[PDB]
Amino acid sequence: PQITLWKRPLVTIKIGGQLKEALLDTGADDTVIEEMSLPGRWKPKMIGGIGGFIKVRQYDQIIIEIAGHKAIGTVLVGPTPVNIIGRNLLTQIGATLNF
């Protein structure tokens, strides 16, 4: 689709067998989701931005469906205020910024 930016660009995602709402975020390098279970091994990571850093769990090779488009990549899980789809998965669904 073409998504305008008058309001937050929220979409439905399917991850880990669950439906969530998430923000398409070109400012985020990484994808970070509120607390949930995911399969496989993980390792701790710190991610930062406005207000500083939070500690998350990094899971690799996670699938995911974003607004009906599948992909695979790293998903960070932790105390994010907002579920965020970052560039690592936006590329895979073919998302670009156009003006």
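Heads up: residue numbers just count along the shown sequence, starting at 1.
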item: Between the two ranges 8 to 16 and 21 to 29, the one averaging a larger CA B factor in the entry; value: 8 to 16
item: Given 37 to 45 and 56 to 64, the range whose Cα B-factors average higher in the PDB entry; value: 37 to 45
item: For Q92, the third of its chain into which the C-alpha B factor falls; value: lowest
item: CA B-factor placement of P81, once the chain's modelled residues are sorted into thirds; value: highest
